[PDB]
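Shown next: run.txt, containing compact mmCIF, N, CA and C atoms and all ligand atoms.
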# COMPACT_ATOMS: atom_id res chain seq x y z
N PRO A 82 60.79 -48.69 87.22
CA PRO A 82 61.82 -47.79 86.66
C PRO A 82 63.14 -47.78 87.44
N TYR A 83 63.09 -48.04 88.75
CA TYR A 83 64.33 -48.16 89.52
C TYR A 83 65.09 -49.39 89.07
N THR A 84 64.34 -50.45 88.83
CA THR A 84 64.90 -51.71 88.37
C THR A 84 65.65 -51.55 87.05
N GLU A 85 65.07 -50.78 86.11
CA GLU A 85 65.62 -50.69 84.76
C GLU A 85 66.76 -49.67 84.66
N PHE A 86 66.57 -48.49 85.26
CA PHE A 86 67.56 -47.40 85.17
C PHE A 86 68.50 -47.45 86.37
N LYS A 87 69.30 -48.52 86.39
CA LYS A 87 70.28 -48.75 87.44
C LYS A 87 71.48 -47.81 87.35
N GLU A 88 71.61 -47.02 86.28
CA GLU A 88 72.71 -46.05 86.15
C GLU A 88 72.42 -44.75 86.88
N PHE A 89 71.28 -44.67 87.56
CA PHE A 89 70.81 -43.49 88.27
C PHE A 89 70.52 -43.83 89.72
N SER A 90 70.94 -42.94 90.63
CA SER A 90 70.61 -43.15 92.03
C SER A 90 69.11 -43.00 92.23
N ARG A 91 68.61 -43.52 93.36
CA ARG A 91 67.22 -43.25 93.71
C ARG A 91 66.97 -41.76 93.84
N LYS A 92 67.98 -41.02 94.31
CA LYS A 92 67.86 -39.58 94.45
C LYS A 92 67.61 -38.91 93.10
N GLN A 93 68.35 -39.36 92.09
CA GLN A 93 68.23 -38.83 90.74
C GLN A 93 66.86 -39.09 90.16
N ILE A 94 66.42 -40.35 90.16
CA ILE A 94 65.13 -40.67 89.56
C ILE A 94 64.02 -39.85 90.20
N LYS A 95 64.02 -39.74 91.53
CA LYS A 95 63.00 -38.95 92.20
C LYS A 95 63.05 -37.50 91.75
N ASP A 96 64.25 -36.97 91.50
CA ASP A 96 64.33 -35.61 90.97
C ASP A 96 63.72 -35.54 89.58
N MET A 97 63.87 -36.61 88.79
CA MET A 97 63.28 -36.68 87.46
C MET A 97 61.79 -36.92 87.51
N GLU A 98 61.32 -37.68 88.49
CA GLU A 98 59.88 -37.78 88.71
C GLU A 98 59.29 -36.42 89.10
N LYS A 99 59.99 -35.66 89.96
CA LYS A 99 59.51 -34.33 90.33
C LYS A 99 59.40 -33.43 89.10
N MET A 100 60.46 -33.37 88.30
CA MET A 100 60.41 -32.61 87.07
C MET A 100 59.26 -33.06 86.20
N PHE A 101 59.09 -34.38 86.06
CA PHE A 101 58.03 -34.91 85.22
C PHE A 101 56.66 -34.48 85.74
N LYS A 102 56.41 -34.63 87.05
CA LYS A 102 55.13 -34.19 87.60
C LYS A 102 54.97 -32.68 87.49
N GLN A 103 56.06 -31.93 87.67
CA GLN A 103 56.01 -30.48 87.61
C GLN A 103 55.44 -29.98 86.28
N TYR A 104 55.84 -30.59 85.16
CA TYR A 104 55.42 -30.07 83.86
C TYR A 104 54.34 -30.89 83.18
N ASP A 105 53.96 -32.05 83.72
CA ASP A 105 52.78 -32.77 83.24
C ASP A 105 51.58 -32.04 83.85
N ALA A 106 51.18 -30.96 83.16
CA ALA A 106 50.26 -30.00 83.75
C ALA A 106 48.88 -30.61 83.88
N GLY A 107 48.40 -31.30 82.83
CA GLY A 107 47.11 -31.97 82.92
C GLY A 107 47.07 -33.05 83.98
N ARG A 108 48.24 -33.57 84.35
CA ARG A 108 48.37 -34.60 85.38
C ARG A 108 47.88 -35.96 84.88
N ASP A 109 48.20 -36.29 83.63
CA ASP A 109 47.75 -37.53 83.03
C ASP A 109 48.87 -38.55 82.83
N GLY A 110 50.01 -38.40 83.51
CA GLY A 110 51.06 -39.39 83.39
C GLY A 110 51.87 -39.38 82.11
N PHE A 111 51.63 -38.43 81.20
CA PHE A 111 52.49 -38.22 80.03
C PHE A 111 52.80 -36.73 79.89
N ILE A 112 53.89 -36.40 79.19
CA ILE A 112 54.17 -35.02 78.77
C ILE A 112 53.96 -34.94 77.26
N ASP A 113 52.92 -34.21 76.83
CA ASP A 113 52.61 -34.12 75.41
C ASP A 113 53.49 -33.05 74.74
N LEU A 114 53.24 -32.76 73.46
CA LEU A 114 53.97 -31.68 72.81
C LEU A 114 53.75 -30.36 73.52
N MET A 115 52.48 -29.99 73.74
CA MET A 115 52.15 -28.72 74.38
C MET A 115 52.81 -28.56 75.76
N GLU A 116 52.86 -29.65 76.51
CA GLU A 116 53.45 -29.65 77.83
C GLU A 116 54.95 -29.43 77.72
N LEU A 117 55.57 -30.08 76.74
CA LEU A 117 57.00 -29.92 76.54
C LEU A 117 57.33 -28.52 76.07
N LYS A 118 56.44 -27.91 75.27
CA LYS A 118 56.61 -26.52 74.87
C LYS A 118 56.72 -25.61 76.09
N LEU A 119 55.75 -25.73 77.01
CA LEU A 119 55.75 -24.90 78.20
C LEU A 119 56.98 -25.16 79.06
N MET A 120 57.36 -26.43 79.21
CA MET A 120 58.56 -26.76 79.97
C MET A 120 59.79 -26.07 79.41
N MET A 121 60.04 -26.23 78.11
CA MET A 121 61.22 -25.59 77.58
C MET A 121 61.13 -24.07 77.70
N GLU A 122 59.93 -23.48 77.68
CA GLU A 122 59.84 -22.05 77.96
C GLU A 122 60.17 -21.77 79.42
N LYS A 123 59.52 -22.48 80.34
CA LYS A 123 59.78 -22.28 81.77
C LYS A 123 61.27 -22.41 82.10
N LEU A 124 61.99 -23.31 81.40
CA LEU A 124 63.43 -23.47 81.66
C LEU A 124 64.26 -22.37 81.00
N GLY A 125 63.63 -21.43 80.30
CA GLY A 125 64.36 -20.41 79.57
C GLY A 125 65.02 -20.87 78.28
N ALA A 126 64.56 -21.97 77.68
CA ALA A 126 65.13 -22.45 76.42
C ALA A 126 64.00 -22.92 75.52
N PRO A 127 63.14 -22.01 75.10
CA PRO A 127 62.05 -22.41 74.21
C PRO A 127 62.62 -23.02 72.93
N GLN A 128 61.89 -23.97 72.36
CA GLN A 128 62.37 -24.59 71.15
C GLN A 128 61.36 -24.42 70.02
N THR A 129 61.83 -24.65 68.80
CA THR A 129 60.97 -24.47 67.65
C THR A 129 59.98 -25.61 67.62
N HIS A 130 58.86 -25.37 66.95
CA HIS A 130 57.80 -26.37 66.83
C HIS A 130 58.38 -27.71 66.39
N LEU A 131 59.19 -27.69 65.33
CA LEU A 131 59.80 -28.91 64.84
C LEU A 131 60.81 -29.45 65.82
N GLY A 132 61.45 -28.57 66.59
CA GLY A 132 62.42 -29.03 67.58
C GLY A 132 61.75 -29.79 68.72
N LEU A 133 60.60 -29.29 69.17
CA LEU A 133 59.76 -30.02 70.10
C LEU A 133 59.39 -31.39 69.56
N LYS A 134 59.09 -31.47 68.28
CA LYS A 134 58.61 -32.73 67.73
C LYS A 134 59.70 -33.78 67.76
N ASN A 135 60.90 -33.40 67.33
CA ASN A 135 62.01 -34.36 67.30
C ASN A 135 62.45 -34.74 68.70
N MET A 136 62.36 -33.81 69.65
CA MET A 136 62.58 -34.15 71.04
C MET A 136 61.76 -35.37 71.41
N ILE A 137 60.46 -35.28 71.17
CA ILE A 137 59.57 -36.40 71.47
C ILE A 137 59.93 -37.60 70.61
N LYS A 138 60.08 -37.38 69.30
CA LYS A 138 60.32 -38.49 68.38
C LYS A 138 61.51 -39.33 68.83
N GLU A 139 62.56 -38.68 69.32
CA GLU A 139 63.82 -39.36 69.61
C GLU A 139 63.70 -40.38 70.71
N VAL A 140 62.81 -40.16 71.67
CA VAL A 140 62.67 -41.07 72.80
C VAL A 140 61.25 -41.60 72.92
N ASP A 141 60.45 -41.41 71.88
CA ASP A 141 59.08 -41.92 71.89
C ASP A 141 59.17 -43.36 71.40
N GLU A 142 59.38 -44.29 72.33
CA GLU A 142 59.54 -45.69 71.97
C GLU A 142 58.21 -46.40 71.74
N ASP A 143 57.08 -45.84 72.19
CA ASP A 143 55.77 -46.42 71.91
C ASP A 143 54.94 -45.60 70.91
N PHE A 144 55.58 -44.69 70.17
CA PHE A 144 55.03 -43.90 69.05
C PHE A 144 53.72 -43.17 69.38
N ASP A 145 53.34 -43.02 70.65
CA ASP A 145 52.09 -42.33 70.97
C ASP A 145 52.19 -40.81 70.87
N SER A 146 53.34 -40.27 70.46
CA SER A 146 53.59 -38.83 70.29
C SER A 146 53.54 -38.06 71.60
N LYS A 147 53.36 -38.74 72.72
CA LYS A 147 53.47 -38.17 74.04
C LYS A 147 54.73 -38.74 74.68
N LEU A 148 55.13 -38.20 75.83
CA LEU A 148 56.23 -38.78 76.59
C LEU A 148 55.71 -39.40 77.89
N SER A 149 55.95 -40.69 78.06
CA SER A 149 55.73 -41.37 79.32
C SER A 149 56.95 -41.17 80.22
N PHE A 150 56.75 -41.34 81.54
CA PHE A 150 57.88 -41.16 82.45
C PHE A 150 59.02 -42.08 82.07
N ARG A 151 58.71 -43.26 81.51
CA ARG A 151 59.77 -44.12 80.98
C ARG A 151 60.56 -43.40 79.90
N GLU A 152 59.86 -42.72 79.00
CA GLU A 152 60.56 -42.04 77.91
C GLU A 152 61.26 -40.78 78.39
N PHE A 153 60.69 -40.09 79.39
CA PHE A 153 61.40 -39.01 80.06
C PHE A 153 62.73 -39.50 80.61
N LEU A 154 62.75 -40.64 81.30
CA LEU A 154 64.02 -41.18 81.76
C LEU A 154 64.96 -41.53 80.62
N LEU A 155 64.42 -41.87 79.44
CA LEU A 155 65.31 -42.14 78.31
C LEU A 155 66.09 -40.90 77.92
N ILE A 156 65.44 -39.73 78.02
CA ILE A 156 66.14 -38.47 77.80
C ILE A 156 67.43 -38.46 78.59
N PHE A 157 67.30 -38.72 79.89
CA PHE A 157 68.47 -38.67 80.75
C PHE A 157 69.40 -39.86 80.52
N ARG A 158 68.87 -41.06 80.24
CA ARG A 158 69.75 -42.15 79.84
C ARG A 158 70.56 -41.76 78.61
N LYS A 159 69.87 -41.29 77.57
CA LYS A 159 70.54 -40.92 76.33
C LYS A 159 71.60 -39.86 76.59
N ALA A 160 71.26 -38.84 77.38
CA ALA A 160 72.17 -37.72 77.62
C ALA A 160 73.40 -38.15 78.39
N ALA A 161 73.23 -38.94 79.47
CA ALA A 161 74.38 -39.40 80.24
C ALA A 161 75.28 -40.32 79.42
N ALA A 162 74.70 -41.06 78.48
CA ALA A 162 75.52 -41.91 77.62
C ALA A 162 76.27 -41.11 76.58
N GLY A 163 76.07 -39.80 76.52
CA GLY A 163 76.71 -39.03 75.49
C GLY A 163 76.14 -39.20 74.10
N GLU A 164 74.88 -39.64 73.98
CA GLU A 164 74.32 -39.97 72.68
C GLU A 164 73.57 -38.83 72.00
N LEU A 165 73.37 -37.70 72.66
CA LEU A 165 72.58 -36.62 72.10
C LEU A 165 73.46 -35.57 71.42
N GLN A 166 72.89 -34.86 70.46
CA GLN A 166 73.61 -33.68 70.00
C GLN A 166 73.65 -32.65 71.12
N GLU A 167 74.40 -31.57 70.91
CA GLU A 167 74.61 -30.62 71.99
C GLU A 167 73.76 -29.37 71.84
N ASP A 168 73.51 -28.92 70.60
CA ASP A 168 72.50 -27.90 70.36
C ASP A 168 71.10 -28.48 70.46
N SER A 169 71.01 -29.80 70.59
CA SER A 169 69.73 -30.48 70.61
C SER A 169 68.88 -30.17 71.80
N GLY A 170 67.60 -30.03 71.55
CA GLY A 170 66.68 -29.66 72.61
C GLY A 170 66.68 -30.67 73.74
N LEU A 171 66.85 -31.94 73.40
CA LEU A 171 66.97 -32.94 74.45
C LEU A 171 68.18 -32.67 75.33
N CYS A 172 69.36 -32.42 74.76
CA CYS A 172 70.51 -32.15 75.62
C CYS A 172 70.26 -30.90 76.45
N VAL A 173 69.71 -29.86 75.82
CA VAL A 173 69.43 -28.61 76.52
C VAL A 173 68.50 -28.86 77.69
N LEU A 174 67.43 -29.64 77.46
CA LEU A 174 66.50 -29.97 78.54
C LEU A 174 67.24 -30.61 79.70
N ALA A 175 68.20 -31.48 79.38
CA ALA A 175 68.85 -32.26 80.40
C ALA A 175 69.80 -31.38 81.21
N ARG A 176 70.57 -30.55 80.52
CA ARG A 176 71.54 -29.70 81.19
C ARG A 176 70.88 -28.53 81.92
N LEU A 177 69.67 -28.13 81.51
CA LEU A 177 68.95 -27.10 82.24
C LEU A 177 68.18 -27.65 83.43
N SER A 178 67.73 -28.90 83.38
CA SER A 178 67.20 -29.53 84.58
C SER A 178 68.27 -29.52 85.65
N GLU A 179 67.89 -29.78 86.87
CA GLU A 179 68.99 -29.76 87.84
C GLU A 179 69.30 -31.16 88.36
N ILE A 180 69.63 -32.04 87.43
CA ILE A 180 70.08 -33.36 87.81
C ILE A 180 71.55 -33.62 87.43
ZN ZN B 201 50.45 -34.54 80.33
ZN ZN B 202 53.92 -29.91 63.72
ZN ZN B 203 55.61 -42.17 74.00
Hey, can you dump this file as structure tokens for me?
Ligand SMILES: [Zn+2]
Ligand SMILES: [Zn+2]
Ligand SMILES: [Zn+2]
Amino acid sequence: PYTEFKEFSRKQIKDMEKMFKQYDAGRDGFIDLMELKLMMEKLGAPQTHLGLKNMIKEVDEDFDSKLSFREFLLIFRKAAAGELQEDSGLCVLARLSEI
């Protein structure tokens, strides 16, 4: 992931790994819908059921309906590129994280 996401410092990615481990509650290397629900609540920005789904859908490049750490980094790639909507749960997740 350091090799691929060269637009991010090592400091940044590690902060994103920390966030990812923090909310991957089952500790199985993915963030599922339920996990993302709790995360957006913990961040103070709960999202609607369908909003959670599109969050995942937008960066779920392997269609497994879960988020891999690779797809978590896509959130931040997409956001830094200016590609997300602004009311969008993905943008909200990114701006509420502390990266
Ligand atoms: Zn998980
Ligand atoms: Zn549903
Ligand atoms: Zn996926």
Closest to residue 96 (chain A) among A:172, A:156, A:116, A:179, using only N, CA and C atoms?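 With only N, CA and C atoms as the atom set, the closest residue is A:179.
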Grab me every residue within 8 Å of ligand ZN 201 (chain B), counting all atoms listed in the file, and send it over as a PyMOL selection string. chain A and resi 104-117+147-148
Check chain A with DSSP on the backbone and list each residue it calls alpha helix (DSSP H), as an MDAnalysis selection string. chainID A and resid 91:104 114:123 130:140 150:161 170:177
Please check which protein, DNA or RNA residues sit within 6 Å of ligand ZN 203 (chain B), counting only C-alpha atoms and all ligand atoms, and write them as a PDB file with N, CA and C atoms, keeping the file's coordinate frame.
ATOM      1  N   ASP A 141      60.450 -41.410  71.880  1.00  0.00           N
ATOM      2  CA  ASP A 141      59.080 -41.920  71.890  1.00  0.00           C
ATOM      3  C   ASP A 141      59.170 -43.360  71.400  1.00  0.00           C
ATOM      4  N   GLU A 142      59.380 -44.290  72.330  1.00  0.00           N
ATOM      5  CA  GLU A 142      59.540 -45.690  71.970  1.00  0.00           C
ATOM      6  C   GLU A 142      58.210 -46.400  71.740  1.00  0.00           C
ATOM      7  N   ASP A 143      57.080 -45.840  72.190  1.00  0.00           N
ATOM      8  CA  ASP A 143      55.770 -46.420  71.910  1.00  0.00           C
ATOM      9  C   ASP A 143      54.940 -45.600  70.910  1.00  0.00           C
ATOM     10  N   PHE A 144      55.580 -44.690  70.170  1.00  0.00           N
ATOM     11  CA  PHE A 144      55.030 -43.900  69.050  1.00  0.00           C
ATOM     12  C   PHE A 144      53.720 -43.170  69.380  1.00  0.00           C
ATOM     13  N   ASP A 145      53.340 -43.020  70.650  1.00  0.00           N
ATOM     14  CA  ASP A 145      52.090 -42.330  70.970  1.00  0.00           C
ATOM     15  C   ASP A 145      52.190 -40.810  70.870  1.00  0.00           C
ATOM     16  N   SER A 146      53.340 -40.270  70.460  1.00  0.00           N
ATOM     17  CA  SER A 146      53.590 -38.830  70.290  1.00  0.00           C
ATOM     18  C   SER A 146      53.540 -38.060  71.600  1.00  0.00           C
ATOM     19  N   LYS A 147      53.360 -38.740  72.720  1.00  0.00           N
ATOM     20  CA  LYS A 147      53.470 -38.170  74.040  1.00  0.00           C
ATOM     21  C   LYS A 147      54.730 -38.740  74.680  1.00  0.00           C
ATOM     22  N   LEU A 148      55.130 -38.200  75.830  1.00  0.00           N
ATOM     23  CA  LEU A 148      56.230 -38.780  76.590  1.00  0.00           C
ATOM     24  C   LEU A 148      55.710 -39.400  77.890  1.00  0.00           C
ATOM     25  N   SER A 149      55.950 -40.690  78.060  1.00  0.00           N
ATOM     26  CA  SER A 149      55.730 -41.370  79.320  1.00  0.00           C
ATOM     27  C   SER A 149      56.950 -41.170  80.220  1.00  0.00           C
TER      28      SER A 149
END
CA of residue 174 (chain A) to CA of residue 121 (chain A): how many Å, to one decimal?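 It comes out at 6.9 Å.
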What is the CA of residue 91 (chain A)-CA of residue 163 (chain A) distance in Å, reported with one decimal?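 Taking CA of residue 91 (chain A) as the start and CA of residue 163 (chain A) as the end point, the length is 21.0 Å.
Using only C-alpha atoms and all ligand atoms, residues with at least one atom at most 9 Å away from any atom of ligand ZN 202 (chain B) are residues 130, 131, 133 and 134 of chain A.
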Which neighbours of residue 97 (chain A) fall inside 8 Å, counting all atoms listed in the file, when residues of the same chain fewer than 4 positions from it are skipped, and could you give them as a list in words?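 Residues near the query, excluding close chain neighbours: residues 91, 92, 93, 101, 102, 103, 150, 153, 154, 179 and 180 of chain A.
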Between atom C of residue 85 (chain A) and atom N of residue 120 (chain A), what is the distance, to one decimal in Å? 25.7 Å
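Minimum atom-to-atom distance to residue 165 (chain A), evaluated using only C-alpha atoms, belongs to A:139 out of A:125, A:139, A:95, A:84.
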